[PDB]
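What follows is one structure encoded as structure tokens, with my remarks underneath.
Number of protein chains: 2
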Amino acid sequence: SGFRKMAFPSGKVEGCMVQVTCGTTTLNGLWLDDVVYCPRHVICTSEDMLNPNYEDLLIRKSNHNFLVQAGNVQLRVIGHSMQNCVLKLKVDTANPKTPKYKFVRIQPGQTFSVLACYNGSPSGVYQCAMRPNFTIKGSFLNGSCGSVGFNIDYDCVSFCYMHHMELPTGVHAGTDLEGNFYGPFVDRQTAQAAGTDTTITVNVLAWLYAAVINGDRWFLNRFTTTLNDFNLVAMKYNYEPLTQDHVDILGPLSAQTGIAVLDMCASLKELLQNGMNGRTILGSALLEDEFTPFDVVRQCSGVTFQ
Amino acid sequence: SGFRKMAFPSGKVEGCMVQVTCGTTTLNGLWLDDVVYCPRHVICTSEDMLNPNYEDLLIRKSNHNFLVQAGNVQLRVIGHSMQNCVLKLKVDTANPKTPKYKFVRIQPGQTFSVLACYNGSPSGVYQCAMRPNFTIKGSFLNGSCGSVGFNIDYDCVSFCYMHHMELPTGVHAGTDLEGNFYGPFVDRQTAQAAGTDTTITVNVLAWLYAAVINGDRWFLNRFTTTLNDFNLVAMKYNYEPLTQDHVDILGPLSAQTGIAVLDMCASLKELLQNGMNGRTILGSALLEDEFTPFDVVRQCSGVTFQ
Ligand SMILES: *[C@H](O)[C@H](C[C@@H]1CCNC1=O)NC(=O)[C@@H]1CC2(CCC2)CN1C(=O)OCc1ccccc1
Ligand SMILES: *[C@H](O)[C@H](C[C@@H]1CCNC1=O)NC(=O)[C@@H]1CC2(CCC2)CN1C(=O)OCc1ccccc1
């Protein structure tokens, strides 16, 4: 029993982290086979960053301008190229610690683990969700760019995020590992802003099931609601619509607890209209929306990874 | 910016996790040099566990009764012994992945990372605090015993916890790596209960400083209080006393924010007496007490580990 915000074990990713230095800029790179991936704004300097032309900037660079450190071992860069907002540095050594991996792009509402890194050295690991507005509520300081987000499926690491920047509200934006940003953000200095967010309804329901599985039942009731009537309430409280596919995804958790999905919707409705009355759910006084149904099943059942 | 419950990168510990099977019981072991450490209740069976005599049970065992799996490689047990509530299985192979390590015992109020494991395979990593009542609010299922808790200091892993059991309120108890329980718990079936807990005051103050550093200031005020007058309020709300040493430990965070410790105590006082009025701090609607001052400085400043 118990329910924690849980990340994947980070060892497979730690072995891929390197330090990339170009000019005055040092950030992190991801070393897989004989390529190091990193944010392309590494080729920028403090007056380049206002409105740079990266193609112009890159043709001016040399392989030897890129300093790559794998711990205390220097990797010779033998080629470079740009792919969207990432740089691909070809090195003369394949990473002997390369795990089985995939480059995947995730959906808003899905979760992943972040290995925060500085100077190519892992600092910490934590769990994030991709918000509906394509930002993530991370924890990142100067020098964290190139840190990556990932999921692990048995022995395969699915990389889904590389960190690029902080927005003015303190949330974070970045790209998939093909260099394509999540959301309408650019790797430049403009007045970029997040844009309105919503609460991930299916995740809140999954967490309520996590609570029931763990013995928190005070919010349960005998009432039910229809999907349409629930979604009218969701609209009003800035929750995203619940679809029939969400209902279907919640089926297993429904069956394990014996609480019909629409019955849990009725409970959520009352929580939204009444609040919590000084009470808590799984140690929170807010409705938590950064656990997916998968996250709940994995934790409340015990899936491992080799 | 941002503030997350952050664990240490788990790779150094993943390389030490093995599977230990004796009879019908399978749990996790920690493999360091040529010793595998695991909970001694592995030698128990489903009628042994009511009130066992472990010395009697252990002299009845043979080296070959202990099945140790390091991934898909079997480790030959060449000796065994009991140390308090842990078993030490000597194996004929030293773990080539042994990190630099220490066995440390932590204080209530301190934090650590947990690498939850099943069948010798890491499942997830999360951050825990040792509660004032010596329990931890973990996330553990059947088969998780022998999972360990740890901190990392540059390149050295300080192991501080091995998981042994779940208490009836769903919280968890275990031992240090010398096999000595945290708190008044035993590895038997009795009617053990946690016992009353309190809130870790110095940690709540550290988190309030984390909030200020991150731009949450609505709870700040022009009032101050004395240490004695604050502690009268702490008493009433089941918070542990704040000492002068706590004040001193908060000095750096005080200096970075320009908010005197006793001024932040005055803010905490009003939060305790008034509540939060529908407002949040660092994404929480409760006063959070599982971040130490060290945790705050590490995250809001960017310390790494090699
Ligand atoms: C990469 O290490 C850094 C990560 C940031 C720093 C603070 N917290 C983070 O997550 N990225 C970074 O600084 C990027 C790089 C660019 C340069 C071209 C794009 C700028 N930038 C950024 O985050 O912009 C924030 C900003 C807004 C307004 C003025 C100055 C900076
Ligand atoms: C180890 O895998 C397991 C971890 C528990 C299981 C559920 N969540 C956890 O953290 N430990 C475990 O089962 C220990 C082992 C003993 C056997 C002698 C000590 C029993 N035990 C335990 O947790 O007791 C809980 C319990 C209380 C009342 C009746 C039955 C079990």
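Chains as they are written, first to last, in full-length UniProt numbering: chain A, 3264 to 3569; chain B, 3264 to 3569.
The beta carbon of each residue, even a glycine, is placed where N, CA and C say it ideally should be.
Practice task
Specify the secondary structure class of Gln3337 of chain B as computed by DSSP and reduced to three states.
Solution key: strand
Handout entry: Backbone CA spacing between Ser3273 of chain B and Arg3485 of chain B [nearest angstrom]
Key = 43 Å
Handout entry: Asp3319 of chain B CB to nearest heavy atom of ligand 2 below 7 Å
Key = Short note on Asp3319 of chain B: C-beta not closer than 7 Å to any heavy atom of ligand 2.
Problem - Closest by C-alpha distance to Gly3265 of chain A, when choosing among B:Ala3548, B:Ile3522 and B:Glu3429 - result: B:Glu3429
Problem - Assigned secondary structure, residue 3212 of chain A (DSSP; H/G/I helix, E/B strand, else coil) - result: The requested residue 3212 of chain A does not occur in the structure, where chain A is confined to residues 3264 to 3569.
Problem - Cutoff 8 Å: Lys3365 of chain A Cβ touching any chain D Cβ - result: Within the model displayed, chain D is absent; protein chains A and B are what it includes.
Exercise for the section: Please confirm if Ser3402 of chain B has its CB atom under 8 Å from at least one CB of chain A. Expected result: yes
Problem - For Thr3284 of chain A, the three-state DSSP class (helix, strand or coil) - result: strand
Practice task
For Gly3406 of chain A, return the contacting residues in chain B, with the cut-off set at a CB-CB distance below 9 Å.
Solution key: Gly3565
Exercise for the section: With a threshold of 7 Å, establish whether the CB of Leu3513 of chain A neighbours any heavy atom of ligand 2. Expected result: No; taking the cut-off as 7 Å, the Cβ of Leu3513 of chain A has no heavy atom of ligand 2 nearer than that.
Practice task
Express the C-alpha separation of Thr3374 of chain A and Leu3549 of chain A in angstroms, rounding to a whole number.
Solution key: 19 Å
Problem - Any non-hydrogen atom of ligand 2 closer than 7 Å to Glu3533 of chain A Cβ - result: Relative to ligand 2, the beta carbon of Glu3533 of chain A is positioned no closer than 7 Å to any heavy atom.
Exercise for the section: For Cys3408 of chain A, collect the residues of the same chain with a Cβ closer than 7 Å to its Cβ; drop the 5 residues on either side in sequence, then sort them by chain order. Expected result: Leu3290, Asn3291, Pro3302, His3426 and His3427
Handout entry: Residues that DSSP places opposite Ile3476 of chain A in a beta bridge
Key = Its beta-bridge partners do not exist; DSSP assigns none.
Practice task
Note down the Cα distance separating residue 3230 of chain A from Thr3438 of chain A, rounded to an integer number of angstroms.
Solution key: The structure shown has nothing for residue 3230 of chain A, since chain A only spans 3264 to 3569.
Handout entry: Contact set between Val3388 of chain B and chain A, taken where Cβ atoms lie within less than 8 Å
Key = Identification of chain A residues near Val3388 of chain B by a Cβ-Cβ cut-off of 8 Å yields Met3269, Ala3270, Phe3271, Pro3272, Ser3273 and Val3388, ordered along the chain.
Practice task
Report whether the distance from the Cβ of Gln3452 of chain A to the nearest heavy atom of ligand 1 is below 7 Å.
Solution key: yes
Handout entry: Minimum Cβ-Cβ distance from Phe3568 of chain A to chain B less than 8 Å
Key = Yes, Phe3568 of chain A lies at the interface with chain B (some Cβ there is under 8 Å from its Cβ).
Exercise for the section: Closer than 8 Å by C-beta to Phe3403 of chain A: which residues in its own chain qualify, once you throw out the five before and the five after it? Chain order, please. Expected result: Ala3379, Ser3410, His3426, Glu3429 and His3435
Handout entry: Beta bridge counterpart(s) of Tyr3500 of chain A as assigned by DSSP
Key = Its beta-bridge partners do not exist; DSSP assigns none.
Problem - Status (buried if at least 16 other CB within 10 Å, exposed otherwise) for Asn3316 of chain B - result: exposed
Practice task
Kindly indicate the opening and closing residues of the alpha helix (DSSP H) around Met3527 of chain B.
Solution key: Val3524 to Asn3537
Handout entry: Contact belief for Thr3361 of chain B with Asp3296 of chain B at Cβ below 8 Å, rounded distance in angstroms
Key = 5 Å
Exercise for the section: Compute the minimum distance between the beta carbon of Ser3421 of chain A and the heavy atoms of ligand 1, and state whether it is under 7 Å. Expected result: No heavy atom of ligand 1 is found nearer than 7 Å to the CB of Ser3421 of chain A.
Exercise for the section: Throw me the rounded Cβ distance for the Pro3395 of chain B and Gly3412 of chain B pair, which I believe falls under 8 Å. Expected result: Contact flag wrong, Cβ pair sits at about 17 Å.
Exercise for the section: Could you tell me whether the region 3495 to 3512 of chain B touches the region 3528 to 3538 of chain B, where touching means 3 or more Cβ pairs closer than 8 Å? Expected result: yes
Exercise for the section: Would you mind reading off the limits of the beta strand (DSSP E) that contains residue 3575 of chain A? Expected result: No statement about residue 3575 of chain A is possible, as the shown extent of chain A runs from 3264 to 3569 and does not include it.
Practice task
Spatial neighbours of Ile3341 of chain B within its chain, please: CB distance less than 8 Å, with the 5 preceding and 5 following residues excluded, ordered by chain position.
Solution key: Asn3326, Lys3353, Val3354 and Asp3355
Exercise for the section: Compute the distance between the beta-carbons of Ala3270 of chain B and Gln3390 of chain B, then report whether it is under 8 Å. Expected result: yes
Problem - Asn3328 of chain A versus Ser3384 of chain B - alpha carbon distance - result: Between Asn3328 of chain A and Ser3384 of chain B, the C-alpha separation is close to 42 Å.
Handout entry: Collapsed DSSP secondary structure at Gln3519 of chain B in the structure displayed
Key = helix
Exercise for the section: Anything in chain B within Cβ reach of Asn3382 of chain A, meaning under 8 Å, just list it in chain order. Expected result: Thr3567
Problem - Proximal residues to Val3467 of chain A (C-beta, below 6 Å), its chain only, five neighbours per side dropped - result: When the five nearest sequence neighbours on each side are left out, the beta carbons in the same chain lying within less than 6 Å of the beta carbon of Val3467 of chain A are those of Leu3550 and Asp3552, in order along the chain.
Handout entry: Amino acids of chain B, ordered along the chain, whose beta-carbon sits closer than 8 Å to that of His3435 of chain A
Key = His3435 of chain A reaches chain B at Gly3265, counting residues in chain order whose Cβ is nearer than 8 Å.
Problem - Whole-number beta carbon distance between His3509 of chain A and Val3566 of chain A, since they are thought to touch under 8 Å - result: Actually they are not in contact, since the Cβ atoms of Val3566 of chain A and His3509 of chain A sit about 21 Å apart, beyond 8 Å.
Exercise for the section: With hydrogens ignored, establish whether the beta-carbon of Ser3384 of chain A is closer than 7 Å to any heavy atom of ligand 3. Expected result: No copy of ligand 3 occurs in the structure displayed; its ligands are ligand 1 and ligand 2 alone.
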